[PDB]
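What follows is one structure encoded as C-alpha cells, with my remarks underneath.
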Amino acid sequence: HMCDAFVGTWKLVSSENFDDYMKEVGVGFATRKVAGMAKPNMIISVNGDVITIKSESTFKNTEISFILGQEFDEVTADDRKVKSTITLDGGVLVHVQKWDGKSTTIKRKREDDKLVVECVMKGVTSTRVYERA
Ligand SMILES: O=C(O)Cc1ccc2c(c1)CCCCCC2
C-alpha cells in the first residue's frame with residue numbers, strides 16, 4: 001500500500017519556472033521549447049515492490065520502473081543518461097538523478113486532489129501541478 005495515493009493517471013494542468021529549471025539542467029533551446037509545450041499524462045502504478053511511472057507526452061514518452069532505494073539507469077526525455085534513485089521520505093517520492101558530476105531532484109507529493117511535482121536544480125525550482133485525468 002506503498003504509494004496508494006499516487007497510483008492513477010494524472011494530467012498536467014499548470015507549470016511555473018520550468019524553462020528556467022531546464023536551462024539550469026543544461027537542456028538546449030529547441031528541446032526546451034518543445035518540452036515546455038507538452039501537457040503530459042503521468043501514469044503511476046505499483047505491482048508488488050515495483051513502481052512504474054510513465055510520462056505520455058507529445059514531446060517524448062518515458063517509462064521508468066524501480067524499487068525504492070535501489071539505483072537504476074534512466075535515459076531522460078532530454079537524452080541525459082543518468083543514474084537515478086527514488087525513495088519515499090515522509091510520504092513524498094524523491095527522485096535524484098546523477099550525471100556528469102551534477103544532480104537534480106524531482107519530488108512528487110499528493111496535496112489535496114493534486115499531484116505536485118517540484119523539480120530542483122541548484123537554486124532553481126519549478127512547480128508542476130497535475131490533476132486526475
Ligand atoms: O514530468 C514532469 O512534469 C517534470 C519533468 C522533469 C524533468 C524532465 C521532464 C519532465 C521531461 C521534459 C524534459 C526536461 C528534463 C526532464
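Residue numbering restarts at 1 in every chain; chains get A, B, ... in the order shown in the C-alpha cells, and ligands count up from 1 in that same order.
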Quick one: which chain A residues come within 6 Å of ligand 1, and what is the nearest atom pair for each with the distance in Å to one decimal, counting only C-alpha atoms and all ligand atoms, rows ordered by chain and ascending number, as JSON lines?
```
{"residue": "A:22", "atom": "CA", "partner": "ligand 1", "partner_atom_place_in_ligand_line": "14 (C)", "distance": 5.7}
{"residue": "A:35", "atom": "CA", "partner": "ligand 1", "partner_atom_place_in_ligand_line": "12 (C)", "distance": 5.1}
{"residue": "A:76", "atom": "CA", "partner": "ligand 1", "partner_atom_place_in_ligand_line": "16 (C)", "distance": 5.6}
{"residue": "A:77", "atom": "CA", "partner": "ligand 1", "partner_atom_place_in_ligand_line": "11 (C)", "distance": 5.0}
{"residue": "A:78", "atom": "CA", "partner": "ligand 1", "partner_atom_place_in_ligand_line": "13 (C)", "distance": 4.9}
{"residue": "A:128", "atom": "CA", "partner": "ligand 1", "partner_atom_place_in_ligand_line": "3 (O)", "distance": 5.9}
```
May I have a table of the residues of region 4-55 of chain A lying at most 10 Å from region 116-121 of chain A, giving each one's closest pair of atoms and their distance in Å to one decimal, counting only C-alpha atoms, ordered by chain and ascending residue number, as CSV?
```
residue,atom,partner,partner_atom,distance
A:12,CA,A:116,CA,9.6
A:14,CA,A:116,CA,9.7
A:15,CA,A:117,CA,9.3
A:16,CA,A:118,CA,9.7
A:17,CA,A:119,CA,9.4
A:18,CA,A:119,CA,8.1
A:20,CA,A:121,CA,9.4
A:21,CA,A:121,CA,6.4
A:22,CA,A:121,CA,8.5
A:23,CA,A:121,CA,9.4
A:24,CA,A:121,CA,6.2
A:25,CA,A:121,CA,6.3
A:26,CA,A:121,CA,9.9
```
Residue with the minimum atom-to-atom distance to residue 109 (chain A), picked from A:97, A:127, A:62, A:85 with only C-alpha atoms counted, is A:127
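Using only C-alpha atoms, the shortest contact distance between residue 40 (chain A) and any of A:55, A:84, A:70, A:126 is found at A:55.
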